[PDB]
>>> print(open('target.txt').read())   # compact mmCIF, C-alpha atoms and all ligand atoms
# COMPACT_ATOMS: atom_id res chain seq x y z
CA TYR A 1 -48.55 -30.44 44.48
CA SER A 2 -49.99 -33.77 45.64
CA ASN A 3 -41.14 -39.17 42.17
CA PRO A 4 -37.87 -39.72 44.05
CA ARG A 5 -36.95 -37.59 47.06
CA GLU A 6 -33.80 -36.24 45.39
CA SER A 7 -35.88 -34.65 42.59
CA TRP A 8 -37.66 -32.27 44.98
CA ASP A 9 -36.96 -28.55 44.76
CA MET A 10 -35.07 -26.88 47.60
CA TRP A 11 -38.16 -24.76 48.41
CA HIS A 12 -40.79 -27.51 48.28
CA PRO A 13 -43.63 -26.94 50.79
CA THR A 14 -43.13 -30.36 52.42
CA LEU A 15 -39.42 -29.69 53.01
CA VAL A 16 -40.24 -26.27 54.51
CA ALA A 17 -42.84 -27.96 56.73
CA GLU A 18 -40.20 -30.51 57.76
CA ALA A 19 -37.65 -27.84 58.70
CA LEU A 20 -40.20 -25.66 60.52
CA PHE A 21 -41.39 -28.69 62.48
CA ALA A 22 -37.75 -29.38 63.41
CA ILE A 23 -37.17 -25.83 64.67
CA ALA A 24 -40.50 -25.90 66.53
CA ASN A 25 -39.39 -29.17 68.12
CA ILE A 26 -36.09 -27.71 69.35
CA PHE A 27 -38.12 -24.80 70.75
CA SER A 28 -40.70 -27.11 72.37
CA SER A 29 -38.18 -29.39 74.06
CA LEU A 30 -36.47 -26.41 75.77
CA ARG A 31 -39.61 -25.54 77.77
CA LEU A 32 -38.58 -28.05 80.46
CA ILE A 33 -36.02 -25.45 81.59
CA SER A 34 -38.96 -23.20 82.55
CA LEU A 35 -40.29 -26.18 84.54
CA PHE A 36 -37.16 -26.12 86.72
CA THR A 37 -37.91 -23.05 88.85
CA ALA A 38 -39.97 -25.22 91.20
CA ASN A 39 -37.00 -27.38 92.22
CA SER A 40 -35.07 -26.09 95.23
CA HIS A 41 -31.66 -27.60 94.40
CA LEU A 42 -31.27 -26.05 90.93
CA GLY A 43 -33.92 -23.33 90.65
CA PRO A 44 -31.48 -20.62 91.79
CA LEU A 45 -28.96 -21.98 89.27
CA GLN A 46 -31.42 -21.71 86.38
CA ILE A 47 -32.46 -18.27 87.62
CA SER A 48 -28.82 -17.07 87.69
CA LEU A 49 -28.27 -18.32 84.14
CA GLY A 50 -31.40 -16.40 83.14
CA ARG A 51 -29.93 -13.30 84.78
CA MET A 52 -26.59 -13.36 82.99
CA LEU A 53 -28.03 -14.34 79.59
CA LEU A 54 -28.73 -10.61 79.13
CA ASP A 55 -25.05 -9.80 79.71
CA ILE A 56 -24.22 -12.59 77.25
CA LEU A 57 -26.27 -10.77 74.59
CA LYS A 58 -24.63 -7.50 75.68
CA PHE A 59 -21.23 -8.94 74.77
CA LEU A 60 -22.50 -10.74 71.65
CA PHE A 61 -23.31 -7.34 70.13
CA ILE A 62 -19.58 -6.47 70.30
CA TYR A 63 -18.79 -9.89 68.86
CA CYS A 64 -21.21 -9.20 65.98
CA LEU A 65 -19.39 -5.95 65.21
CA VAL A 66 -16.01 -7.76 65.12
CA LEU A 67 -17.48 -10.55 62.98
CA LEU A 68 -18.94 -8.11 60.44
CA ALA A 69 -15.65 -6.20 60.25
CA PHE A 70 -13.40 -9.19 59.58
CA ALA A 71 -15.95 -10.99 57.38
CA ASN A 72 -16.42 -8.10 54.98
CA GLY A 73 -12.65 -7.44 54.96
CA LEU A 74 -11.91 -11.06 54.03
CA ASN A 75 -14.70 -11.01 51.44
CA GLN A 76 -13.25 -7.83 49.91
CA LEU A 77 -9.94 -9.68 49.66
CA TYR A 78 -10.87 -13.11 48.32
CA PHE A 79 -14.00 -12.57 46.22
CA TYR A 80 -11.99 -11.73 43.10
CA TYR A 81 -10.81 -15.37 43.28
CA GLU A 82 -14.23 -17.03 42.98
CA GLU A 83 -14.02 -20.38 41.19
CA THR A 84 -16.45 -23.21 40.44
CA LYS A 85 -14.54 -25.78 38.29
CA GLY A 86 -17.62 -28.05 38.17
CA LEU A 87 -17.00 -29.24 41.73
CA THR A 88 -19.43 -31.56 43.49
CA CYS A 89 -19.90 -29.29 46.52
CA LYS A 90 -19.24 -25.61 47.19
CA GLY A 91 -18.95 -23.75 50.48
CA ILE A 92 -17.49 -24.75 53.81
CA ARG A 93 -19.85 -27.71 54.35
CA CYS A 94 -18.14 -30.12 51.96
CA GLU A 95 -15.63 -32.94 52.32
CA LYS A 96 -12.94 -30.52 51.13
CA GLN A 97 -13.56 -26.88 52.03
CA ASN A 98 -13.62 -24.48 49.09
CA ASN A 99 -14.89 -20.97 48.29
CA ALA A 100 -15.10 -20.22 52.02
CA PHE A 101 -14.53 -16.46 51.66
CA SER A 102 -16.39 -16.18 48.36
CA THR A 103 -19.53 -14.18 49.19
CA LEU A 104 -20.49 -12.23 52.30
CA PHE A 105 -22.86 -14.95 53.52
CA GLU A 106 -20.23 -17.66 53.05
CA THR A 107 -17.57 -15.48 54.67
CA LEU A 108 -19.76 -14.85 57.72
CA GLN A 109 -20.49 -18.57 57.97
CA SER A 110 -16.81 -19.48 57.60
CA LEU A 111 -15.65 -16.96 60.20
CA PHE A 112 -18.38 -18.09 62.59
CA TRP A 113 -17.32 -21.74 62.38
CA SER A 114 -13.65 -20.80 62.90
CA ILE A 115 -14.41 -20.15 66.58
CA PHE A 116 -15.11 -23.86 66.98
CA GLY A 117 -12.19 -24.99 64.82
CA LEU A 118 -14.29 -26.70 62.15
CA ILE A 119 -12.71 -24.61 59.36
CA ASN A 120 -9.34 -26.02 58.34
CA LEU A 121 -6.29 -23.96 57.45
CA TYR A 122 -6.40 -24.77 53.71
CA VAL A 123 -9.22 -22.28 53.13
CA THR A 124 -6.83 -19.31 53.21
CA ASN A 125 -4.73 -20.27 50.19
CA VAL A 126 -5.91 -19.65 46.64
CA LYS A 127 -5.70 -22.27 43.88
CA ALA A 128 -3.51 -19.80 41.96
CA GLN A 129 0.02 -18.76 43.00
CA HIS A 130 -0.66 -15.25 44.35
CA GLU A 131 1.39 -15.70 47.51
CA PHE A 132 1.00 -12.16 48.90
CA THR A 133 -2.81 -12.19 48.89
CA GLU A 134 -2.73 -15.66 50.45
CA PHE A 135 -0.42 -14.40 53.20
CA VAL A 136 -2.48 -11.31 54.00
CA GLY A 137 -5.69 -13.35 53.98
CA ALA A 138 -4.16 -15.88 56.36
CA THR A 139 -2.95 -12.95 58.49
CA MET A 140 -6.45 -11.43 58.64
CA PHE A 141 -7.94 -14.85 59.46
CA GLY A 142 -5.36 -15.43 62.18
CA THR A 143 -5.90 -11.94 63.61
CA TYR A 144 -9.65 -12.52 63.84
CA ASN A 145 -9.03 -15.92 65.42
CA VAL A 146 -6.68 -14.32 67.96
CA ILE A 147 -9.34 -11.72 68.81
CA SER A 148 -12.41 -13.95 69.01
CA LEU A 149 -10.55 -16.84 70.67
CA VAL A 150 -8.17 -15.11 73.12
CA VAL A 151 -9.39 -11.55 73.70
CA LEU A 152 -13.18 -11.62 73.47
CA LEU A 153 -13.83 -15.13 74.82
CA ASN A 154 -11.62 -14.59 77.87
CA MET A 155 -13.18 -11.15 78.39
CA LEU A 156 -16.54 -12.94 78.31
CA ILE A 157 -15.29 -15.43 80.91
CA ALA A 158 -14.07 -12.67 83.25
CA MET A 159 -17.26 -10.62 82.77
CA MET A 160 -19.36 -13.73 83.48
CA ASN A 161 -17.23 -14.31 86.59
CA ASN A 162 -17.96 -10.84 87.95
CA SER A 163 -21.64 -11.05 86.96
CA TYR A 164 -22.19 -14.37 88.75
CA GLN A 165 -20.25 -13.04 91.73
CA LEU A 166 -22.65 -10.09 91.84
CA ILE A 167 -25.86 -12.11 91.38
CA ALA A 168 -24.93 -14.95 93.76
CA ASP A 169 -26.28 -13.01 96.76
CA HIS A 170 -29.59 -12.09 95.09
CA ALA A 171 -30.15 -15.54 93.56
CA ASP A 172 -32.31 -16.83 96.42
CA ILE A 173 -34.88 -14.02 96.44
CA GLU A 174 -34.98 -14.07 92.63
CA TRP A 175 -35.66 -17.82 92.63
CA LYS A 176 -38.36 -17.40 95.28
CA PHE A 177 -40.00 -14.61 93.25
CA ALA A 178 -39.91 -16.69 90.05
CA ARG A 179 -41.26 -19.76 91.85
CA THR A 180 -44.10 -17.72 93.33
CA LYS A 181 -44.91 -16.37 89.87
CA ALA B 1 -1.31 0.48 38.03
CA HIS B 2 -3.90 2.21 35.83
CA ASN B 3 -1.21 4.39 34.28
CA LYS B 4 1.34 1.60 33.77
CA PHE B 5 0.00 -1.99 33.67
CA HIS B 6 -2.94 -2.69 31.33
CA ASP B 7 -2.08 -6.10 29.79
CA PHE B 8 -5.22 -8.05 28.87
CA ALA B 9 -4.79 -11.46 30.55
CA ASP B 10 -6.35 -13.74 33.15
CA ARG B 11 -6.08 -13.04 36.88
CA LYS B 12 -4.00 -16.16 37.57
CA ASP B 13 -1.39 -15.07 35.00
CA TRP B 14 -0.18 -12.11 37.06
CA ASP B 15 2.91 -11.86 39.23
CA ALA B 16 2.51 -12.50 42.96
CA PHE B 17 3.70 -8.96 43.84
CA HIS B 18 1.77 -6.96 41.26
CA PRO B 19 0.56 -3.50 42.38
CA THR B 20 -3.10 -4.45 41.79
CA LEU B 21 -2.90 -7.34 44.27
CA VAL B 22 -1.10 -5.14 46.81
CA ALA B 23 -3.72 -2.43 46.27
CA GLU B 24 -6.58 -4.84 46.95
CA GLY B 25 -4.78 -6.24 50.01
CA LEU B 26 -4.27 -2.79 51.51
CA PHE B 27 -7.89 -1.99 50.59
CA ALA B 28 -8.98 -5.05 52.59
CA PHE B 29 -6.85 -3.99 55.58
CA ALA B 30 -8.32 -0.48 55.38
CA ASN B 31 -11.81 -1.96 55.21
CA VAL B 32 -11.21 -4.02 58.35
CA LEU B 33 -10.04 -0.86 60.13
CA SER B 34 -12.98 1.19 58.79
CA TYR B 35 -15.50 -1.39 60.00
CA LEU B 36 -13.69 -1.66 63.35
CA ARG B 37 -13.96 2.12 63.81
CA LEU B 38 -17.61 1.61 64.90
CA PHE B 39 -16.52 0.54 68.41
CA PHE B 40 -16.04 4.19 69.35
CA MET B 41 -19.69 4.87 68.49
CA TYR B 42 -20.80 2.47 71.26
CA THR B 43 -19.65 4.82 74.04
CA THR B 44 -22.59 7.18 73.46
CA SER B 45 -24.99 4.29 74.12
CA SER B 46 -26.21 3.76 77.67
CA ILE B 47 -25.98 -0.03 77.28
CA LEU B 48 -22.90 -0.93 75.22
CA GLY B 49 -20.76 1.95 76.52
CA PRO B 50 -19.31 0.75 79.85
CA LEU B 51 -18.54 -2.74 78.51
CA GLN B 52 -16.48 -1.37 75.61
CA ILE B 53 -14.78 1.10 77.97
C1 LIG C 1 -1.68 -12.02 63.71
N1 LIG C 1 -0.89 -13.18 63.35
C2 LIG C 1 -1.20 -13.89 62.27
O1 LIG C 1 -2.13 -13.57 61.62
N2 LIG C 1 -0.47 -14.96 61.94
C3 LIG C 1 -0.84 -15.72 60.76
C4 LIG C 1 -0.15 -15.18 59.51
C5 LIG C 1 -0.23 -16.18 58.36
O2 LIG C 1 -0.06 -17.46 58.91
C6 LIG C 1 0.58 -15.34 62.66
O3 LIG C 1 1.30 -16.46 62.26
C7 LIG C 1 0.94 -14.60 63.82
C8 LIG C 1 0.17 -13.52 64.12
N3 LIG C 1 0.67 -12.94 65.24
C9 LIG C 1 1.71 -13.65 65.62
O4 LIG C 1 2.48 -13.38 66.75
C10 LIG C 1 1.55 -13.02 67.74
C11 LIG C 1 1.57 -11.74 68.25
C12 LIG C 1 0.65 -11.37 69.21
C13 LIG C 1 -0.29 -12.29 69.64
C14 LIG C 1 -0.33 -13.59 69.14
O5 LIG C 1 -1.28 -14.54 69.55
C15 LIG C 1 -1.81 -14.51 70.85
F1 LIG C 1 -2.68 -13.47 71.02
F2 LIG C 1 -0.81 -14.46 71.77
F3 LIG C 1 -2.52 -15.65 71.07
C16 LIG C 1 0.60 -13.94 68.18
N4 LIG C 1 1.90 -14.66 64.79
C17 LIG C 1 2.98 -15.63 64.91
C18 LIG C 1 4.18 -15.06 64.15
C19 LIG C 1 4.42 -15.45 62.85
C20 LIG C 1 5.50 -14.93 62.16
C21 LIG C 1 6.33 -14.01 62.78
CL1 LIG C 1 7.72 -13.33 61.90
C22 LIG C 1 6.08 -13.61 64.08
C23 LIG C 1 5.00 -14.14 64.77
>>> encode(input="target.txt", output="structure tokens")
Amino acid sequence: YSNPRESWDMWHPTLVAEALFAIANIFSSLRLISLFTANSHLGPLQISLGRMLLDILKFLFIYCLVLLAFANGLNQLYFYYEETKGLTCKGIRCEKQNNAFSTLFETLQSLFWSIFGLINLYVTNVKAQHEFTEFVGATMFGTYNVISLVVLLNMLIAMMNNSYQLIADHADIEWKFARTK
Amino acid sequence: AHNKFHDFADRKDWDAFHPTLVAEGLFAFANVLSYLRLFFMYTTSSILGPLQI
């Protein structure tokens, strides 16, 4: 395969090479964190973050269960209302959000981004006038937001607090062991 | 709804409080609860148990 750039297919080998180089670059530029065990002022800090990253993953499993539950519930609600209408863009990543809870992939993406507030509130109403389904979808969306933005995040903060309180005493010997390695 | 309402029309033509819409809404609520039931399976694990407890 050796033409304007917009005519390229979405799975062109050069575009895949571009994206894989980008991900390899964000993985290569994070290796300087491993270079920070030698420094005395912040080596224990980096070591402590490395300790409680495992507990972070421990809690992210529970988050993944909650995310799957609410995502497939919202998909089972809204996917009967799939529409195209010849729109310029579909999905959450448009100027105007549409078909957010359309498929399971789009629902998982839309519920993930709702933690950071980048999904507006006009995704819960349908273009039709079925008010009851709109209300129960907005209720499910608000319930998941309440969970993953009040319950689970603050549980994560308190659990991180106790974990760093526990590993603050053993941070020095851990940093010395990592620096000797 | 299967016994009573079988009028061939588009989905947007229906009433807001039709039994089919209520049935799918309660089905979605039941699905959220069914998928959230899996938290009580985590207690048998030696890793995810104490955190959920
Ligand atoms: C779950 N839930 C929800 O989904 N929606 C969106 C529905 C469609 O918009 C809501 O508006 C909504 C809601 N719970 C609500 O009261 C809370 C109860 C418990 C916790 C909470 O929050 C937090 F934990 F304290 F932070 C909020 N309210 C507000 C409300 C609205 C109407 C009436 Cl009569 C009474 C209360």
>>> closest_residue(input="target.txt", among="A:144, A:70, A:1, A:105", to="chain B", atoms="all atoms listed in the file")
A:70
>>> closest_atom_pairs(input="target.txt", of="chain A", to="chain B", cutoff="7 Å", atoms="only C-alpha atoms", output="CSV")
residue,atom,partner,partner_atom,distance
A:58,CA,B:48,CA,6.8
A:66,CA,B:36,CA,6.8
A:69,CA,B:35,CA,4.8
A:70,CA,B:32,CA,5.7
A:73,CA,B:28,CA,5.0
A:74,CA,B:28,CA,6.8
A:76,CA,B:28,CA,5.8
A:77,CA,B:28,CA,5.6
A:128,CA,B:12,CA,5.7
A:129,CA,B:16,CA,6.7
A:130,CA,B:16,CA,4.4
A:131,CA,B:16,CA,5.7
A:132,CA,B:16,CA,6.1
A:133,CA,B:25,CA,6.4
A:136,CA,B:25,CA,6.8
>>> write_last_selection(input="target.txt", atoms="C-alpha atoms", output="CSV table (one decimal), keeping the file's coordinate frame")
chain,number,residue,atom,x,y,z
A,58,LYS,CA,-24.6,-7.5,75.7
A,66,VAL,CA,-16.0,-7.8,65.1
A,69,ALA,CA,-15.6,-6.2,60.2
A,70,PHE,CA,-13.4,-9.2,59.6
A,73,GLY,CA,-12.6,-7.4,55.0
A,74,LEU,CA,-11.9,-11.1,54.0
A,76,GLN,CA,-13.2,-7.8,49.9
A,77,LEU,CA,-9.9,-9.7,49.7
A,128,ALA,CA,-3.5,-19.8,42.0
A,129,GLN,CA,0.0,-18.8,43.0
A,130,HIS,CA,-0.7,-15.2,44.4
A,131,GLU,CA,1.4,-15.7,47.5
A,132,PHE,CA,1.0,-12.2,48.9
A,133,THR,CA,-2.8,-12.2,48.9
A,136,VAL,CA,-2.5,-11.3,54.0
>>> residues_near_ligand(input="target.txt", ligand="ligand LIG 1 (chain C)", cutoff="8 Å", atoms="only C-alpha atoms and all ligand atoms", output="CSV table (one decimal) with C-alpha atoms, in the frame of the given file")
chain,number,residue,atom,x,y,z
A,135,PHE,CA,-0.4,-14.4,53.2
A,136,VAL,CA,-2.5,-11.3,54.0
A,137,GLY,CA,-5.7,-13.4,54.0
A,138,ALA,CA,-4.2,-15.9,56.4
A,139,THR,CA,-3.0,-13.0,58.5
A,140,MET,CA,-6.4,-11.4,58.6
A,141,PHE,CA,-7.9,-14.8,59.5
A,142,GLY,CA,-5.4,-15.4,62.2
A,143,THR,CA,-5.9,-11.9,63.6
A,144,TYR,CA,-9.6,-12.5,63.8
A,146,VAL,CA,-6.7,-14.3,68.0
A,147,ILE,CA,-9.3,-11.7,68.8
A,150,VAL,CA,-8.2,-15.1,73.1
A,151,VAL,CA,-9.4,-11.6,73.7
>>> closest_residue(input="target.txt", among="A:71, A:47, A:56, A:89", to="residue 152 in chain A", atoms="only C-alpha atoms")
A:56
>>> closest_residue(input="target.txt", among="A:61, A:120, A:168, A:11", to="residue 94 in chain A", atoms="all atoms listed in the file")
A:120
>>> atom_distance(input="target.txt", atom1="CA of residue 54 in chain A", atom2="CA of residue 20 in chain A")
26.5 Å
>>> atom_distance(input="target.txt", atom1="CA of residue 32 in chain A", atom2="CA of residue 49 in chain A")
14.6 Å
